[PDB]
Amino acid sequence: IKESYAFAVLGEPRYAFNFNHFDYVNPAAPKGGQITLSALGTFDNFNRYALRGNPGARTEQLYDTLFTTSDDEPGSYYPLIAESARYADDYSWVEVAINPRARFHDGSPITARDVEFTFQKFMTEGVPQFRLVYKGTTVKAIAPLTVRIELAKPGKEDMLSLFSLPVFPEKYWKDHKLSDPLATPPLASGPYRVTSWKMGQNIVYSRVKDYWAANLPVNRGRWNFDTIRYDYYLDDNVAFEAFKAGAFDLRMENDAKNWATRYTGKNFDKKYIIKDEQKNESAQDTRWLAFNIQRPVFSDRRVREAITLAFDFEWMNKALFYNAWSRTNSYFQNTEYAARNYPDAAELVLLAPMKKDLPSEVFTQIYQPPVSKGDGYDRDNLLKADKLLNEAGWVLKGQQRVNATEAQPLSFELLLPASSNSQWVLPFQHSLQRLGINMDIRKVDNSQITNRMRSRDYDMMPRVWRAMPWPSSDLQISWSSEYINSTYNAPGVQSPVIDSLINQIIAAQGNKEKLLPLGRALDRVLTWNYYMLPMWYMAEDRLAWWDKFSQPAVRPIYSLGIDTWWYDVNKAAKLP
Amino acid sequence: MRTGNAX
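Basis of the calculations
- Residues numbered from 1 in each chain as written, not as in the entry; some residues may be left out.
- Chains lettered and ligands numbered in written order.
- Heavy atoms only, no water.
- Residues with missing side-chain atoms left out of burial classes, pairs and counts.
- Helix = DSSP H or I, 4+ residues; strand = E, 2+ residues; numbered from the N terminus.
- Rg over C-alpha atoms; globule rule 2.2 N^0.38 Å.
- Buried < 20%, exposed > 50% of the residue type's maximum accessible area, 1.4 Å probe, protein only.
- Areas by Shrake-Rupley, 256 points an atom, 1.4 Å probe, with all protein chains shown as cover.
- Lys, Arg positive; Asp, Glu negative; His and termini not counted.
- Charge placed at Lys NZ, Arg CZ, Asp CG, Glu CD.
- Core = buried A, V, L, I, M, F, W, Y, C linked by side-chain atoms within 4.5 Å.
- Contact = heavy atoms within 4.5 Å.
- Salt bridge = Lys/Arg side-chain N within 4 Å of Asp/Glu carboxyl O.
- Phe/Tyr/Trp six-rings, centres within 6.5 Å; stacked < 30°, edge-to-face > 60°.
- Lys NZ or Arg CZ within 6 Å of the ring centre and 35° of its normal.
- Pairing = 2+ DSSP bridges.
- Axes fitted to C-alpha atoms, helices over the stretch in contact; angles between N-to-C directions.
- Nonpolar A, V, L, I, M, F, W, Y, C, P; charged D, E, K, R; others polar.
- Arc of directions from axis to C-beta.

As documented in the archive entry, the model was determined using X-ray crystallography at 1.76 Å resolution.

Encoded structure:
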C-alpha cells in the first residue's frame with residue numbers, strides 16, 4: 001500500500017523531503033588525519049555478538065545495516081544498504097529493496113540472501129533473547145535484491161529494529177559459529193576496517209578509501225579521519241594523566257574533581273587543550289547500584305529501602321563532588337515519561353487493577369530518593385533505616401546486625417571495576433558500618449567484571465541505565481520475566497506487575513498517546529520497589545580535546561557527533 | 001539489546 005525512503009518510531013522523520021545531508025554535518029569536511037582515543041579495561045576478541053568474551057572497542061560498528069538512525073532525532077531511519085521499502089499500514093510486513101551498489105570489504109555484493117542468512121544465524125546461534133523477541137518472524141529473499149520481513153504480531157518498533165541488524169557475509173560466516181569469540185576480525189562492510197591490533201592493548205581502524213556508500217546522504221560529511229586508534233588503560237587516573245600528557249586526543253570527563261581542579265598546567269595555559277561544557281536538554285543516562293534480589297540478603301524490600309537511606313548523596317555532592325551532580329530519580333530521566341507528578345486518571349485505570357501487588361505509595365506520593373542536610377550523619381534517615389531493618393528481622397547484637405532468628409550477620413559484597421574512580425565507596429561503607437551492616441569491597445579486572453555482570457554473580461554492583469527517550473519494546477529484555485537471562489536484568493526481577501505493564505507497552509508500539517501513561521506507570525513500579533539504588537547524572541557534557549579538530553556549526557541532540565569532526569591542519573600545525 | 005550481551 002505504501003512505499004517510503006524514511007521511517008520514524010513516533011511521528012514523522014525530520015529528513016523526509018529533499019534529504020541531501022544532515023543538519024549537523026559540514027558536507028564539505030576534508031578527509032585525512034588520525035584521532036587517538038582511550039578505552040578502559042581490556043579486550044580479547046572481535047565478535048560483539050558472541051555468547052562470551054570481552055569484545056574490542058567499536059566492534060559493534062564493523063557492519064553497515066539496512067537503514068541507519070539520525071543523531072538529532074530519537075528514532076528515525078534513513079537509507080544505508082537498503083534504498084527503500086514497501087510496507088503494510090500496520091508495519092506487520094515490509095519488502096526491503098537492496099542497493100545494487102552495496103559491497104563487503106572484499107568487493108563482493110551484499111544481497112537479499114545475505115540478509116536472510118543473517119536473520120537465521122541470529123535465530124540459531126545468537127544471544128538467547130533474539131529468538132524470543134522475533135519468535136514467529138520470518139526473513140526471506142524473495143528476489144536477488146528484495147528481502148521480505150513478516151512479523152507474527154504487530155510491532156512497528158520490532159520491525160524498525162531489524163533495520164539496525166548488521167548484515168553478515170554468508171561466504172565468511174558459514175564457517176564460524178556466531179556464539180564463538182573471534183581471535184581475528186571478521187569479513188566486514190562499514191566505513192572503517194580493523195587493520196592492526198595488540199590483544200588487550202590497542203586496536204587501529206583505517207578509513208576504507210573506496211567505501212561504496214561514502215556519498216550517500218547519511219554518510220556525507222562523516223567518517224573523515226583516515227585512522228581511529230584505541231589505546232587501553234587499566235584505570236581512569238592513568239588515562240587522565242596520559243590525556244594531559246598528549247597520549248590521546250579527546251576526553252569525556254566524568255570525574256567532578258578532575259574537572260573542578262585538574263584542568264591546569266602548561267598545555268592549558270598555551271591553549272593546546274580546549275575545554276567545553278554544553279547543557280543538554282534530551283534523555284539522560286543514569287547511574288545506579290543494582291541489588292541482586294535473588295540473594296537472601298536483598299530479598300526484602302525493607303532491607304533495600306534501608307540500605308538506600310544509608311547512601312548520603314547530599315554530603316557526597318557537597319564534600320566530594322563540587323555540587324556537580326543531580327540525583328537520579330527516574331528510568332525515563334528528563335523526558336515527558338518520567339513520573340514526576342501525581343498519577344492522572346489514565347494511569348490509575350492502568351494501576352488500580354493491580355493495587356494488591358503494588359506499594360501503596362504508587363498512588364499517594366511522588367517518588368523521591370532520600371535527601372539529607374549534607375552535613376553528614378543524617379539522624380532522620382539513619383533512624384528510619386534502623387526502623388526498617390528491625391521490622392525485616394535484622395537486629396543489632398553488639399555492633400553488628402544479625403538475623404533475629406538465625407543469628408547470621410547482615411553482610412554483602414560490593415563488586416567494583418578496578419578501572420573506576422570510586423571516591424563514594426568508603427563513605428558508603430562507613431555509613432553502613434554505623435548501621436551494623438558489613439559491606440566487603442571486591443575490585444576486579446575488566447574481564448571478570450564482564451563475566452560476573454552477565455551471570456549476575458554479585459550481591460551488589462554499579463550499573464548504568466542508558467537514556468530511554470520513550471517507552472521502547474527493548475524494556476522487556478531488561479525487565480520482563482521471560483528475559484531474566486538476557487544479561488540486562490540487573491536486579492534479577494520476575495514480576496507479574498512489570499510483565500503486564502510491559503506487555504501493554506509492546507502492544508502500543510508507535511502509539512505515543514497511550515505510551516505516555518504506560519511509561520509513567522512503569523516508572524512508578526520500578527522506582528517504588530527499590531530494585532536499584534539511585535546514584536547520579538549530569539545534564540551537561542564535559543569534554544576536552546587537543547586543538548587539532550574542527551566541528552560543524554550544529555551538534556546533534558542525541559550524541560556528541562565526533563564522527564562529524566575532521567582534522568584541521570591549520571590548528572594542528574600550532575601544537576608542539 | 002536484542003543482538004548482543006551487556007558490556
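S.K.: Would you take a moment to explain the overall build of chain A for this structure?
M.R.: Of the regular secondary structure elements, chain A holds 18 helices and 26 strands. Here chain A has a C-alpha radius of gyration of 25 Å; the compact-globule value for 576 residues is 25 Å, and the two agree. Seen through its C-alpha atoms, chain A measures out along the principal axes to roughly 75 × 60 × 45 Å. In chain A, which comprises 576 residues, the proportion classed as buried is 57%. Here chain A has roughly 25,300 Å² of accessible surface; of this, 49% comes from carbon and sulfur atoms. Where the 69 positive side-chain charges of chain A centre and where its 67 negative ones centre are 3 Å apart.

S.K.: Help me understand the nonpolar core, please; the structure alone is not making it clear to me.
M.R.: In a soluble, globular protein the nonpolar side chains are often hidden away together inside. Residue and element names in this part refer to chain A. Counting 164 residues, the largest nonpolar core has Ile307, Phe311, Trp424, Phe428 and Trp479 as its most contacted members. At 8 residues, helix 17 (residues 512-528) tops the list of elements feeding residues into this core. Excluding anything up to four places from it in sequence, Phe311 contacts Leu289, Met316, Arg327, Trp424, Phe428, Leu533, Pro534, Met535 and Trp536. One finds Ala239, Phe240, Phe248 and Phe268 within the second-largest nonpolar core, a separate group that totals 14 residues.

S.K.: For this particular structure, what's the right way to read the pattern of salt bridges?
M.R.: Any two side chains of opposite charge can pair, so long as their charged atoms come close to each other. Residue and element names in this part refer to chain A. Here the structure, examined in full by the defined rule, presents 32 salt bridges over all chains. Of the charged contacts in the structure, one is a salt bridge between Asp457 and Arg295, with a shortest N-O distance of 3.0 Å. Here the residue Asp457 occupies a position in the loop between helix 14 (446-455) and strand 21 (460-465), and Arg295 occupies one in the loop between strand 15 (286-291) and helix 8 (301-309), the gap between them amounting to 162 residues. Taking the relative accessible area as the measure of exposure, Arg295 reaches 26% and is therefore partly exposed. Salt bridges linked by common partners bring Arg295, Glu413, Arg452, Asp457 and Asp459 together as one network.

S.K.: What's the story with the packing of aromatic side chains in this structure? I'm lost.
M.R.: All names here are of chain A. For the coordinates displayed, the defined rule picks out 53 aromatic pairs over all chains. Pairwise contacts between aromatic rings join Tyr49, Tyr63, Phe119, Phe122, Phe130, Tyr134, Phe168, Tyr172 and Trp173 into one cluster. Over the aromatic face of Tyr205 sits the side chain of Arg58, whose NZ or CZ is 5.8 Å from the ring centroid. The aromatic ring of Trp93 is capped on one face by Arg148, whose charged end is 4.3 Å from the ring centroid.

S.K.: I'm lost on the sheet that holds strand 6 (residues 82-87) of chain A in this one. Help?
M.R.: Two pairing modes exist for strands in a sheet, parallel and antiparallel, and in both the strands are linked by backbone hydrogen bonds. All names here are of chain A. Sheet architecture is open: 5 strands sit in the order 1-6-7-9-8, paired in antiparallel fashion. Two strands lie at the open edges of the sheet, namely strand 1 (2-4) and strand 8 (138-143), each paired on one side alone. Put simply, the sheet's adjacent strands are angled 25° from each other on average, direction ignored. Most of the contacts of helix 1 (residues 112-125) go to strand 8, to which it runs at about 165°, and overall it touches strand 7 (93-98), strand 8 and strand 9 (146-150).

S.K.: Quick question: what am I supposed to make of the interface of chain A and chain B here?
M.R.: Where the parts come together, the accessible area they lose is often given as the size of the interface. Across the boundary between the two partners, chain A contributes 24 residues, which contact 7 residues of chain B. Of all the elements in the fold, those that place two or more residues in the side of chain A that touches chain B are helix 2 (128-133), helix 3 (156-162) and helix 14 of chain A. Tallied by class, residues from the side of chain A that touches chain B come to 12 nonpolar, 6 polar and 6 charged.

S.K.: Please clarify how the sheet that holds strand 10 (residues 192-198) of chain A should be interpreted in this entry.
M.R.: Residues and elements named next belong to chain A. A sheet is described by the order of its strands in space; here 4 strands give the open sequence 3-12-11-10, paired in mixed fashion. Looking at strand neighbours, the two that pair on one side only are strand 3 (34-40) and strand 10, the edges of this open sheet. Adjacent strand axes in the sheet meet at a mean angle of 20° when their direction is disregarded. Pairing analysis gives 7 bridges linking strand 3 to strand 12 (residues 227-233), with the strands arranged parallel. From the neighbouring strand, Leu40 faces strand 12, where its bridge partner is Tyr233.

S.K.: I'm lost on helix 5 (residues 236-245) of chain A in this one. Help?
M.R.: Working note: α-helix, 3.6 residues per turn, so residues spaced by three or four point in the same direction. Residues and elements named next belong to chain A. Along helix 5, the positions that sit buried rather than exposed are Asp236, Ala239, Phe240, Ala242 and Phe243. All buried residues of helix 5 lie within an arc of 160° about the axis, which places them on one face of the element. For helix 5, exposure combined with an orientation more than 90 degrees from the buried face picks out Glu241 and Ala245. At its buried positions, helix 5 is contacted by strand 3, strand 12, strand 13 (250-252), helix 6 (256-261), strand 14 (273-279) and strand 24 (540-546). Among the residues trailing helix 5, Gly246 stands out with phi positive, at a value near 95°.

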